[PDB]
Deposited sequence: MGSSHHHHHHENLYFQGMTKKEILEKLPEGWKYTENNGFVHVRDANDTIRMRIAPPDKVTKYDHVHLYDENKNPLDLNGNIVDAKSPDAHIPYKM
């Protein structure tokens, strides 16, 4: 499920996951209110609107769900 727009990411959210959007930042958290996903506008070092992905323990993931520290900054 990698190639989505932001609108379908927010619309296909899993079961129990809620989300909130404010000033162009989206926070999505799972049923445990754990932050799992964030969409952000560009900052100084990332110059593109990106997705952030986070496991059950808030670790950065890449497209493949593998834990990462670059690859953590996922276009959509």
Please list, in sequence order, every stretch of the deposited sequence that lacks C-alpha coordinates. 1-14, 84-86, 94-95
